[PDB]
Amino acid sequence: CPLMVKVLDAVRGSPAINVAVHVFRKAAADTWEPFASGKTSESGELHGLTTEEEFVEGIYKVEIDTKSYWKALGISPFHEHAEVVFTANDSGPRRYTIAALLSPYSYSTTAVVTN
């Protein structure tokens, strides 16, 4: 699993469950093409987005649908979504964990990249 997304809720101290995630890959025409999508599990994790074969070098955008998450909890948050844009696999295949920690008016994102 070369690309995993993990989302946590800083208000409740819990995984952020059922968060929609959309991944895009930049195409030669300077356009974002849909690449993979899913929702976080009860553990706040989203596995199985892609395979080593399909996850080639490129610029990828991970959009985490934070506004939909907060609204379902009755909170009107500031951001529309969190976007994580990065070059992947430019030095060869790597495994990427994109983690996000969410509050209504703030979020943090970190990448853990392993060989």
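When you see a residue number, it is the position in the sequence shown, counting from 1.
- For the pair 99-107 and 21-29, the record assigns the higher mean C-alpha temperature factor to 21-29.
- Taking the mean C-alpha B-factor of each stretch as recorded, 49-57 and 30-38 are not equal, and the higher mean is that of 30-38.
- Across 113, 5, 1, 8, the entry's maximum B-factor at the CA atom is seen for 1.
- The deposited CA B-factor of residue 13 belongs to the middle third of values across its chain.
- Residue 63 sits in the middle third of its chain by CA B factor, as recorded in the PDB entry.
- Annotation for residue 85: C-alpha temperature factor in the lowest third relative to the rest of the modelled chain, per the entry.
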